[PDB]
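Participant: can't give you the sequence, but here's the structure:
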């Protein structure tokens, strides 16, 4: 009885999807298939700095004009950037649906980058990067990405090296903007109290003519990355706690055994210990992020490893049923709220090319049993070389032979 | 034990998995140069002494024999 997500496609190529529900607070949002993976180490912070600047000034709305409009209807304006996707989303009322779409149109095209504004942001970004180091888990996950995807565009970071951030030219930005903001790589997603026909009309009027032609046919292309098992051990003994992430290569977005791997994560000492399935395109990192005092990292590693092998060798039906129930409550829906539903659509149209309904997710969950779970876990965890990233008092964190070797049980 | 051995700070340490790297990267490529680099760095502090040993050894042996050798003037 969940309403279906209806998808249309405009000449430009941008996909104006949508969804409808009794709610009246819609979240309109533009998703773009452009992240740090599409940057070529000379513009490593272009998406982040355009994200910081996109809101601050557009040609039609000069200076802070946009942020005023957005204040006038009481709407909320958010944006985020990952290694593969960029999102600009607005939470508003239903009756303010046209102007919001028009606002989003300015944000994606006709945007104005004031060289002055550029400068002000440079400060903001540099300073934060200068204080971002404070967030350890972010440091550990960046270290894990770097050491796992060495030599590829997936090692770099959304923020990018300080250098690239310092050196950015309205023109460089313009390029990233004019290169990675193509209409066929764009989804206009709407969730909540919206009509699909009204949104499709609004889409054309304000979001038509979105660029689609690259320059001199410099049509970007992509590289299948390599998962380089390796470790990084940023030792700094003055920190009170240690953060350690261990991951293996993930399958990707389109591989269905992700669902089974999610159940495995739902099955899984040192303070926080969260499991994770970072899944980029054509690769991902299944794993764990455990914080811990310096004297227990060792044990934790063992416990973590133990759990994994147990899932490769001795999975029973009761824990599989528990993991399936835990997964079936991570289903995103109207009760999850618009913004969440909004986001899914955008990610589903960017990654899968379609919105997978919750009934298909339930079917793929209920087809998972214990035998295929331990088969897929043996395919992805057993005797694999992991990527290790540690930060803090990590002297008792074991080196690479103890970790890798611990990945194989001499008793199977 | 590990964890309480020492205090270091800001020393990042990168590494690779054994199976991901060549077993004998440039083994004879640089091994030879290095082994040669090494020897020339201690050869002057190791061999000289033992050279003289070979010498004393030889001189010693020969001298003994001569001592055993019959004295020509002896008995004549």
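Facilitator: Sure thing, it's come through. Numbering: from 1, shown residues only, chains lettered A, B, ... in the order given.
Participant: setting aside sequence neighbours, what's the nearest residue to residue 5?
Facilitator: Went with chain A since none was named. Among residues not flanking residue A:5 along the chain, residue A:355 sits closest, at 3.6 Å (C-beta to C-beta, 6 or more residues apart in numbering or on different chains). Bear in mind the C-beta positions are built from the backbone N, C-alpha and C, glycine included.
Participant: could you do chain B instead?
Facilitator: With sequence-adjacent residues excluded and distances taken as C-beta to C-beta, 6+ apart, residue B:5 is closest to residue A:395, at 5.8 Å.
Participant: tell me which element that neighbour falls in.
Facilitator: Using DSSP states H and E, residue A:395 sits in no helix or strand.
Participant: next up, the contacts around it.
Facilitator: In this structure, residue A:395 makes contact with A:235, A:237, A:294, B:2, B:3, B:4, B:5, B:6, B:8, judged by C-beta atoms under 8 Å, 6 or more residues apart in numbering or on different chains.
Participant: so what's the first one bridging to?
Facilitator: Pointing back at residue A:235 there. Here residue A:235 sits in beta bridges with residue A:392, residue B:11, going by DSSP bridges.
Participant: what parts of chain B come near chain A?
Facilitator: Within chain B, the positions near chain A by C-beta under 8 Å from any C-beta of the partner chain are B:1-20.
Participant: what's the PyMOL syntax to select whichever of those are buried?
Facilitator: Remark: buried members of those, expressed as a PyMOL selection using 16 or more other C-beta atoms under 10 Å in any protein chain shown:
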select buried, chain B and resi 3+17
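Participant: in strands only, show me the residues of chain B next to chain A.
Facilitator: The strands, defined by DSSP state E, take in B:14, B:15, B:16 from the residues of chain B next to chain A.
Participant: what about the strands in the stretch 151-300 of chain A?
Facilitator: Using DSSP state E, counting those that start in this stretch, the strands found in the stretch 151-300 of chain A span residues A:186-191, A:230-235, A:242-250, A:273-280, A:283-292.
Participant: looking at these, which is buried most?
Facilitator: The highest mean neighbour count among those, using mean count of other C-beta atoms under 10 Å in any protein chain shown, belongs to strand A:186-191: a mean of 29.
Participant: quick one, what contacts the residue in the stretch 101-250 of chain A that chain B sits nearest to?
Facilitator: Proximity of the stretch 101-250 of chain A to chain B (C-beta to the nearest C-beta) peaks at residue A:229, 3.5 Å away. Residue A:229 is in contact with A:148, A:384, A:385, A:386, A:387, A:404, B:16, B:17, B:19, B:20, counting by C-beta under 8 Å, 6+ apart.
Participant: what's the local residue count around residue A:343?
Facilitator: When neighbours are counted by other C-beta atoms under 10 Å in any protein chain shown, residue A:343 registers 22.
Participant: oh, I was asking about residue A:383
Facilitator: For residue A:383, the tally of surrounding residues (other C-beta under 10 Å) stands at 12.
Participant: ok, residue A:336 next?
Facilitator: Neighbours of residue A:336 under the rule other C-beta under 10 Å: 14.
Participant: how much space between it and chain B?
Facilitator: 39 Å (C-beta to the nearest C-beta, to the nearest Å).
Participant: swap in residue A:83?
Facilitator: According to C-beta to the nearest C-beta, residue A:83 and chain B sit 20 Å apart.
Participant: check contacts around residue A:292.
Facilitator: Residue A:292 is in contact with A:241, A:242, A:244, A:269, A:270, A:271, A:300, counting by C-beta under 8 Å, 6+ apart.
Participant: so residue A:4 sits against residue A:357, correct?
Facilitator: Yes. At 6.6 Å, residue A:4 counts as touching residue A:357 under the criterion of C-beta atoms under 8 Å.
Participant: which one's more surrounded, those two?
Facilitator: When residue A:4 is set against residue A:357 and neighbours are counted by other C-beta under 10 Å, the residue ahead is residue A:357, at 14 against 10.
Participant: for the residue nearest to residue A:290 when sequence neighbours are not counted, give me its contacts.
Facilitator: Leaving aside its sequence neighbours, residue A:290 sits nearest to residue A:273 (C-beta to C-beta, 6+ apart; 4.2 Å). Contacts here follow C-beta under 8 Å, 6+ apart; on that basis residue A:273 touches A:288, A:289, A:290, A:291, A:300, A:304.
Participant: from these, pick the one nearest chain B.
Facilitator: For those, the nearest to chain B is residue A:300 (12.2 Å; C-beta to the nearest C-beta).
Participant: what is the neighbour count of residue 34?
Facilitator: Since no chain was named, I'll use chain A. By the other C-beta under 10 Å criterion, the neighbourhood of residue A:34 contains 26 residues.
Participant: that's the wrong chain, I meant chain B
Facilitator: Applying other C-beta under 10 Å, we find 10 residues neighbouring residue B:34.
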